[PDB]
Amino acid sequence: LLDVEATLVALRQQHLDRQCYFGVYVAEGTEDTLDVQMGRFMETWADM
Amino acid sequence: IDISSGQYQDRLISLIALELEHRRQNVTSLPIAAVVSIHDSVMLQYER
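Residues numbered from 1 in each chain as written, not as in the entry; some residues may be left out. Chains lettered and ligands numbered in written order. Part of a larger assembly, values for the part shown. Heavy atoms only, no water. Residues with missing side-chain atoms left out of burial classes, pairs and counts.

Asker: Summarise the overall build of chain B; cite the residues concerned and give the values.
Answerer: What chain B contains, in helices and strands, is two helices and zero strands. C-alpha atoms of chain B, sized along the principal axes, occupy 40 × 25 × 10 Å. The buried share of chain B, reckoned over its 48 residues, is 2%. Side chains of chain B carry 4 positive and 6 negative charges; the gap between the two charge centres is 5 Å. (Helix = DSSP H or I, 4+ residues; strand = E, 2+ residues; numbered from the N terminus. Buried < 20%, exposed > 50% of the residue type's maximum accessible area, 1.4 Å probe, protein only. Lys, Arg positive; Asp, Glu negative; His and termini not counted. Charge placed at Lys NZ, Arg CZ, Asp CG, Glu CD.)

Here it is as structure tokens:
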């Protein structure tokens, strides 16, 4: 069950290349009303 | 019963606060771009 760490550290030596990265981890919120946040999210998803 | 009598009082208090802030301070730390940005969509989202 814990032997996957050795495989992970062995495969981490060689990587690949890719484009169009996703939104990685959680970013920082604007701390505002939900309407403007959801509008910005939907417009960014539409145009990006 | 409803709260629709203090609208004028709130408006005049807000106007006095804004005018005294303009006379004494210069905004700076007060966020002025975020409110305009959110209102830009609020105006077309809440009234329709």
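Asker: How would you summarise a nonpolar patch on the surface if you had to cite specific residues and measurements?
Answerer: A cluster of nonpolar side chains, namely B:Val27, B:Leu30, B:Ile32, B:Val35 and B:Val36, defines an oily patch on the protein surface of about 400 Å² accessible area. Relative to the assigned elements, B:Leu30 resides in the loop between α1 (7-24) and α2 (33-46). (Patch = residues over 30% accessible without salt bridge, like charges linked within 9 Å, V, L, I, M, F, W, Y side chains within 5 Å. Areas by Shrake-Rupley, 256 points an atom, 1.4 Å probe, with all protein chains shown as cover. Salt bridge = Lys/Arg side-chain N within 4 Å of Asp/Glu carboxyl O.)

Asker: An account of unusual backbone geometry is requested, with residue identities and associated values reported.
Answerer: Residues and elements named next belong to chain A. Unusually for a residue other than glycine, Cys20 sits at a positive phi of about 55 degrees. Tracing the backbone through its elements, the reader meets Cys20 in the loop between α1 (4-11) and α2 (34-47). Using a relative accessible area of 59% as the deciding quantity, one classes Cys20 as exposed. Positive phi values are uncommon outside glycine, yet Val24 reaches one of about 30 degrees. Along the chain, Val24 turns up in the loop between α1 and α2.

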